[PDB]
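S.K.: There's a structure below that I have some questions on.
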Amino acid sequence: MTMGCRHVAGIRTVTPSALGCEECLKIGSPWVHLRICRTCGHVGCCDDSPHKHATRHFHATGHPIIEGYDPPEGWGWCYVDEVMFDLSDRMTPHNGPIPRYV
Ligand SMILES: [Zn+2]
Ligand SMILES: [Zn+2]
């Protein structure tokens, strides 16, 4: 899909902390789509969502590469690069059934 930047060389297959955006789950609120780090395994709603968990989390932890978990297409977005590359065979397995609200 896209040439992976050096950041990709340090990402692995991780395990999600929840069945969706943990922050949204804390208040029982829906999400649009989910982005999980290929590092800490923590999930978050995209910046397309008004909650913006993935973006604030990125700034908080420094995890620039996220994967679409809610849409398990198998791609990795690197915030600092703005490039979306392929993770088709490395895609994170489901730890449960993700509640698609939207
Ligand atoms: Zn990068
Ligand atoms: Zn993270």
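Where a number appears in this text, it was derived from the coordinates with a stated rule and is not lab data. Backbone-built Cβ (ideal geometry, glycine too); neighbour counts: all protein chains shown.
S.K.: Please pick out the residue among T2, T15 that is farther than 15 Å from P97 by Cα, away from ligand 2 (no atom under 12 Å from the Cβ), touching a residue at least 60 places away in the same chain (Cβ under 8 Å) and not basic (K, R).
M.R.: Result of the check over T2, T15: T2.
S.K.: What are the residues in region 13-44 that are surrounded by fewer than 18 Cβ atoms within 10 Å (Cβ to Cβ) and among the charged types (D, E, K, R), if any?
M.R.: Answer for region 13-44, where residues must be surrounded by fewer than 18 Cβ atoms within 10 Å (Cβ to Cβ) and among the charged types (D, E, K, R): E22, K26.
S.K.: For region 85-102, give me each residue that is surrounded by 14 or more Cβ atoms within 10 Å (Cβ to Cβ) and either of a type in the set (D, E, K, R) or within 16 Å of ligand 1 (Cβ to nearest atom) (or both).
M.R.: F85, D86, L87, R90
S.K.: Within the group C40, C46, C78, which residue is touching a strand residue (DSSP E or B) at 6+ places or on another chain (Cβ under 6 Å) and free of Cβ contacts under 8 Å to residues at least 40 places away in the same chain?
M.R.: Residue meeting the stated conditions: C46.
S.K.: Among the residues of region 55-89, write down those that are of a type outside the set (D, E), under 13 Å from the mean Cα position of the chain (by Cα), more than 16 Å from ligand 2 (Cβ to nearest atom) and assigned to a loop (DSSP other than H, G, I, E, B).
M.R.: Selection gives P71, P72, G74.
S.K.: Continuing with the same structure: Which ones in region 1-44 are outside any loop (DSSP other than H, G, I, E, B) and within 16 Å of ligand 1 (Cβ to nearest atom)?
M.R.: Result: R6, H7, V8, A9, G10, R35, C37.
S.K.: Tell me, yes or no, whether region 45-54 has at least one residue that is of a type outside the set (D, E, K, R), part of a helix (DSSP H, G or I), buried (at least 17 other Cβ atoms within 10 Å of the Cβ) and within 12 Å of the chain's Cα centre (by Cα).
M.R.: Looking for residues that are of a type outside the set (D, E, K, R), part of a helix (DSSP H, G or I), buried (at least 17 other Cβ atoms within 10 Å of the Cβ) and within 12 Å of the chain's Cα centre (by Cα), one finds at least one in region 45-54, hence yes.
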